[PDB]
Each structure stands twice: as C-alpha cells, then as structure tokens.
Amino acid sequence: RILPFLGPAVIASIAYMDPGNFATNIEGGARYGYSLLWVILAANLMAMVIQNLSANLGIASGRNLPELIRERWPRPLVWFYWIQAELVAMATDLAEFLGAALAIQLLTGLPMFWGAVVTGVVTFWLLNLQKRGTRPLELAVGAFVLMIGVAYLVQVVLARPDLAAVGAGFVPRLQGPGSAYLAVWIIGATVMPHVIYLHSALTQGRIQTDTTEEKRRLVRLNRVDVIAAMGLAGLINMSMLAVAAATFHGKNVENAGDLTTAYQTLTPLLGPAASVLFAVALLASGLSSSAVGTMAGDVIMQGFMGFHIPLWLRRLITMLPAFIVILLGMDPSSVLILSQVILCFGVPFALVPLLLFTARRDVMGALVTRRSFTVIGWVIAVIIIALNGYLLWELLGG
C-alpha cells in the first residue's frame, strides 16, 4: 500500500482520454500542424486542480459531494441537482460508448451496432468487479491506461516528427478564425462533471480514521496520485496531436476529426502497423471511460436521494442514447454538438457546489481548502463557463 489513492486517481483520469479527445486532437494536428499543442496542455492542467478538490472533499468530510447537497440544500434544489447530473452522465457516456464501438470497426470491420453490443457487455464485467471489491476495478483501469500510453509511444517513433516544428507548436499563437474556434472548443470541453462527484466518493472512507491528523496525511498521499494520473493523460493527448501533424498537415488532408479518415491515411504514410496501434488505443479508452461513467451515476443517485437502483439497470439506461444514434445514422459532428451542450450545462452546476463545500469549515472541519486555491478554482470556473456560454451562443444560435 505505497500509493493508497492511486486507484481512484487512475479511475478519474480515464475520463480525460475518452474518444471525445481523440477526434479533437487529430483534427487540430492535420489542419494547423503542431500549433495547438499549447491548448492541450492548458486544458489538462486546469483539469488536475478540479479533480484534486473532489478527492479532498471525500477524505476530509467523510462524505461525497451529492451527499452534502442532500444534507444542506433544500429538497426542491436537491431533486433538480440529481436530474441534471444524470443527464450529463448520459451525455458524456455517449461519446465514450460510440468511440469504443468505432475502434472495433477499424480493427475487425463490424458495423457500429454490433460494435456497441460488444462494448455494452464488456462494460458490465468492469463494473461487476467493483460490486464486491473496489480494488479489482482500479487494477483493470490501470491496465488499460498502460496500453494507450504504449500504443501512442510507438506512433511517435514511426511518425518521426520534426522536433523544431513540434517545439514551435507550444508557442500560444493562432491565425485565422478557424484555429481560434478550435482552441476555444478544447478549453471549453475538457472538464468532466460526472467524474467530479465520483472522485469524492472513491476517497470517502477509504481508510478508517478516528482523528483529524491521519486524514490530513491521506490528503498529501492523494495529491501525488492525482498529479501522476492526470499528468499521463496530458502527454497522451499531445501525442495524438503530433502524430496527426507529422503525417497529415503538409499533405493536404480534409475531414480530419473523423477517426475513420485519420485511420485510413496512416497506412500509405506511416504503415499498416501505425493504424493498428491507433485503433487498439482507441478501444481501451472507450470501454474504460464508459464503465467509470456508470459507477459515477450510481454514486450520484445514492447520495442525492438515499436510494439506488441496481448497476445492470443503470448500464442499460445509459446505453439507450448510444444505440439510438446508430439506428438513425446521425452525423458524427451533430452528436458532438448536442452532447457538449448538455456538458456545457453540467459544468457550472458541478463546479459551484464543489467550490462552496470544500471551503466551509462546517463540512471540511480542520481540512478546509486554502482560499488561495479557492479563488483560482473560481477563476478557472468563470473562464470555462464563459467559453461554454459563448459556445452555447453559436450552438443555440445556428
């Protein structure tokens, strides 16, 4: 037990490598080269602070975020919070589900429907682990993170990127209205609200404590786990950018956000082996982030309302929007706009209570978050909310 909270940290980090980030990072590389690497880095650092504040809420108060809302806020407001939190968990799981089904299509050739059934069944077995023991799930998610990191490591060696061109991409410079829009879309759609509630419960009561000094030691050993777990997610997101830029930018490639076109152009440029590592890495990202999304939903309802439904019933409900899109044949860009609108709704409603309760001695006791870290959480919050509000102005304006 050298790293006590490494499990919850790896569980929370997988939501920031979901297939939603694959489509964004690839599109940024082909259209603008490496010149967007600074945006990927900026979004990852902001996601480390928010996820660290959730884990501390559970360690200090001995209670998770949905529990404290039920206990302190009025019943009319609590019922609304449970409602919107379920809708966001279903919105973010849609992209994690469809991505896991697309990777199977690139590796085997199966249609999107049968790919979704394969991912639906394997996600059962992942949450089947955490039923009796929560540690087997922490080992499984960690194993999937090992494959995505190794797969994109070989793609960098094969792509042979110009280091001088990669370095110039970390300079915050943007040209043309297209590149600016794509950067705003990264920072606006990065933080995962469903994993904000979940991280608090995973660390809540993980180590029994009778004093306040042993809880404080748990906070220090937890931060290293979050930084290491969230840090690895950032380097992976930058690898997707570099490979797409080192191969597609100078060759005039259109429709880069679609993971199918990016998969086909890797063979004549890099080779057939470069395409396999891409799809294998996309598969481990999808089903891992989908199984975490279900465990978050169970915590949301159990804390907000006191009762809970079985896990198999929760997995069944969240799969419903996934199969509907497959049957209707919706545009991949159309589903990323509607799902992010709901994600743009859940972000403000999640960051506000997290920044309030982690700052109240009534909740945290002698482990209140430093006010210097509370203001920066609000500054990061206003930046994200404003960008989301702007993204809603064009998404709801047409």
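Numbering starts at 1 and runs along the sequence shown.
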Mean Cα B factor from the PDB record: higher for 366 to 374, or higher for 62 to 70? 366 to 374
Higher average CA B factor in the deposited record is what I'm after, so tell me if that's 328 to 336 or 29 to 37. 328 to 336
Out of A183, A85, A244, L110, residue topping the C-alpha B-factor column of the entry: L110
Which has the highest CA B-factor per the PDB entry: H199, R75, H194, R173? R173
Chain-wide C-alpha B factor ranking for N237, given as lowest, middle or highest third: lowest
Sort the modelled residues of this chain by their C-alpha B factor and say whether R314 lands in the lowest, middle or highest third. middle
Place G389 in the lowest, middle or highest third of its chain's C-alpha B-factors, as listed in the PDB entry. highest
Place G115 in the lowest, middle or highest third of its chain's C-alpha B-factors, as listed in the PDB entry. middle
Taking the chain's C-alpha temperature factors as the reference, tell me which third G293 falls into: lowest, middle or highest. middle
